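Written out below as structure tokens is the structure these notes cover.
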There are 2 protein chains.
Amino acid sequence: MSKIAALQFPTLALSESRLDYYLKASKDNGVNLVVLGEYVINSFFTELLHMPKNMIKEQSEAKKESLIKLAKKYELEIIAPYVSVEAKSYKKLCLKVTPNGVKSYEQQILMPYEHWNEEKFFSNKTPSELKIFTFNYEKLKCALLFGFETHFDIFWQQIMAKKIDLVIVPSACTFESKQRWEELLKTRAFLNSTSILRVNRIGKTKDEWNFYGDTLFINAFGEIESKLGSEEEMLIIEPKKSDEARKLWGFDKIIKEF
Amino acid sequence: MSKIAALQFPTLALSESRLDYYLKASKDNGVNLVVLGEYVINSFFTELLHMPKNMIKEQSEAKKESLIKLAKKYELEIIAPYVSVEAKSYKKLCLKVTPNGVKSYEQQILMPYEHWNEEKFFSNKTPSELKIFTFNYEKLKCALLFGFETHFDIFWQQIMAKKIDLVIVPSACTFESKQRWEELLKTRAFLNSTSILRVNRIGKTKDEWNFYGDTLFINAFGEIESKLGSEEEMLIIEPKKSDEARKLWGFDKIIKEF
């Protein structure tokens, strides 16, 4: 039935040949939805601070055109974080590329820390009230969240209210926080009875920040179903409906009795 | 400084010296706040189902009188889950017994599961709006939560809103859920920058439900600072203010604009 492919990549080269191979391989395994991690289409954040505006635009626009073309050619959907280069500003988006159009999700909560200040570098619209990005994938109710945004309960309360089966989490996570991330996502999946697909990038930066993969899939019971290592590889998942797991603990039912 | 003693007990006997001994040992170690787990003053839930009403009342009322006397004698405070028997109705309370009076916390969300139906057995007031029980312990802002109530994000949002330093969680946890409980509490402490004191009971029931202790203290970084094993023992903790840990990630700073 419904299958999803998670591609664990470093920053892709300007050519599209590596992406095309994995997209055909995803479609050959009966996958109709593909997800990439953060800073795979684009160079990692710390290089973006020093790169020329026009090359960042070229890097982004080359892959967006490729995804649009490849989504048509292989008739599948692609979810990929994407740096939108505007006239006088940069926006951190996540694109959902289908054969019949492109949808975009503008990240609502960005890291403001000095050493990794995405809030300063990007010019994302500050929403008045947070709103989860959701979409239907065949028979699954899905939500899309950036890695940093999973830290905030408000999103999960909206996810539980909408009976989401699967939360797709493109991310860029350092190895040092490996265990904290597993415990967080396992807890989120259990408390909200939703499956979670966390897709990480791989690679080492000039500052020796180590992204060691660990793309993983968690079921609505909070159990890890499958996970990747630290190499460039593809994870294929068959996400199931959240209903049975929702009834076991009935957290939503309990909160709905108020 | 400010110290708290967690007493990991089985169901206490009607005429026990354990309470007088451990309260004095706490006060001799400079501890002014003592916490017991769930179903320590009273027999465990599944045994209460088969006990006569008057026996439950006597079991409860004997320990309340003792705690009142011991709180005055040793000049400290005691937090203890407590079955209040009115007429032929039962209320699952947590008492805070001090030298100058008793305050009570009525559990707001109770387990409704068939095999462990506290919602059916007890007659707790169905709350209008969920509201955390809070109190100051010397210079620390403390909150009180029953084990089951930690599963619901709404409580944790209020805990963060009040910038709570320590959440005290009397609980009754089966050994089978050891890892899930640890990951949950570490995540809540980290996400909300609060320390957590989880006090469990010990003992085996007739149906072979294993309460194997593992009373633990977690700091506001989400790290386990200390923990007990499966024996009857006392855990003394010196909880610190959450301020420094709260500034590290600044979850409150980010989230308060929504």
Side-chain angles (χ1 to χ4, degrees), chain A residues 107-113 115-119 124 126-127 129-130 132 146 148-161 177 179-193 218 221-224 248-252 254-255 258, chain B residues 107-119 124-131 146 148-161 177 179-193 196 218 221-224 248-256 258:
Chain A
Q107 187 168 343
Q108 306 169 78
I109 303 189
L110 291 150
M111 285 184 121
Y113 312 108
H115 65 281
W116 188 346
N117 206 336
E118 295 189 346
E119 210 300 318
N124 278 38
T126 302
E129 288 92 354
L130 298 178
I132 29 69
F146 274 99
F148 186 58
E149 308 189 299
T150 67
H151 294 101
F152 305 92
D153 285 4
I154 286 178
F155 292 111
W156 296 98
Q157 302 174 302
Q158 300 187 15
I159 280 160
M160 173 189 294
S177 67
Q179 195 184 333
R180 195 186 72 243
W181 270 101
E182 253 167 56
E183 298 177 351
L184 162 67
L185 298 187
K186 285 173 74 197
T187 299
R188 294 302 205 189
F190 160 70
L191 289 182
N192 299 280
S193 307
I218 304 173
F221 293 103
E223 322 170 310
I224 287 161
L248 180 62
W249 289 85
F251 292 132
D252 186 46
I254 290 166
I255 291 152
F258 292 111
Chain B
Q107 187 168 341
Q108 306 172 79
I109 303 190
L110 290 150
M111 285 184 120
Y113 311 107
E114 231 73 39
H115 65 283
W116 188 347
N117 205 336
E118 295 189 346
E119 196 37 44
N124 279 40
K125 182 191 303 294
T126 303
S128 42
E129 9 196 322
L130 297 179
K131 167 169 179 59
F146 273 100
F148 188 60
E149 311 192 301
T150 66
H151 291 99
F152 304 94
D153 282 3
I154 169 167
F155 291 113
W156 292 98
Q157 302 173 301
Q158 301 186 15
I159 283 159
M160 173 188 292
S177 68
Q179 195 182 331
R180 194 186 72 243
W181 270 99
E182 253 165 55
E183 298 177 350
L184 161 67
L185 297 188
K186 284 171 74 196
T187 299
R188 293 301 204 189
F190 160 71
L191 288 181
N192 298 278
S193 306
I196 303 182
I218 305 172
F221 295 101
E223 322 170 310
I224 288 161
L248 180 63
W249 290 85
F251 292 145
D252 64 309
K253 320 186 190 193
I254 292 166
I255 214 40
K256 81 181 188 304
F258 298 109

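For the numbers below, each heavy atom of this structure counts, side chains included, while hydrogens, waters and symmetry mates do not. In what follows, chains are A, B, ... by sequence order, proteins preceding strands, each numbered from 1.
Annotation: maximal heavy-atom pairing with chain A below 4.5 Å, among B/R188, B/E129, B/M160, occurs at B/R188.
Considering only heavy atoms from C-beta on, B/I255 comes within 4.5 Å of A/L130 through its side chain. Counting heavy atoms from C-beta outward, B/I254 and A/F152 have side chains that approach closer than 4.5 Å.
Between A/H151 and B/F190, the ring-plane angle classifies as perpendicular under the 30° and 60° cut-offs.
The part of B/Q108 that comes within reach of chain A is its backbone (N, CA, C, O), which places non-hydrogen atoms under 4.5 angstrom from that chain. Contacts of B/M111 with chain A are made by side-chain atoms alone, with heavy-atom separations under 4.5 Å and no backbone atom involved. B/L191 touches chain A through its side chain: at least one heavy atom from C-beta onward sits under 4.5 Å away, while N, CA, C and O do not.
Residues passing the salt bridge (charged side-chain N to carboxylate O under 4.0 Å, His left out) test with B/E118 are B/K92, sequence neighbours excluded. Among residues two or more places apart in sequence or in another chain, the salt bridge (charged side-chain N to carboxylate O under 4.0 Å, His left out) test is passed with B/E119 by none.
The shortest non-hydrogen separation linking B/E183 to A/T187 is O-OG1, 3.4 Å. Considering all non-hydrogen atoms of both residues, B/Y113 and A/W249 come closest at OH-O, 2.8 Å.
Atom CG of residue A/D153 and atom CH2 of residue B/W156 lie 10.0 Å apart, to the nearest 0.5 angstrom.
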May I have the step-by-step check of side-chain contact (heavy atoms from CB on, under 4.5 Å) for A/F258 and B/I154, ending in yes or no?
CA-CA 12 Å; A/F258 292 111; B/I154 169 167; over 6 Å; no
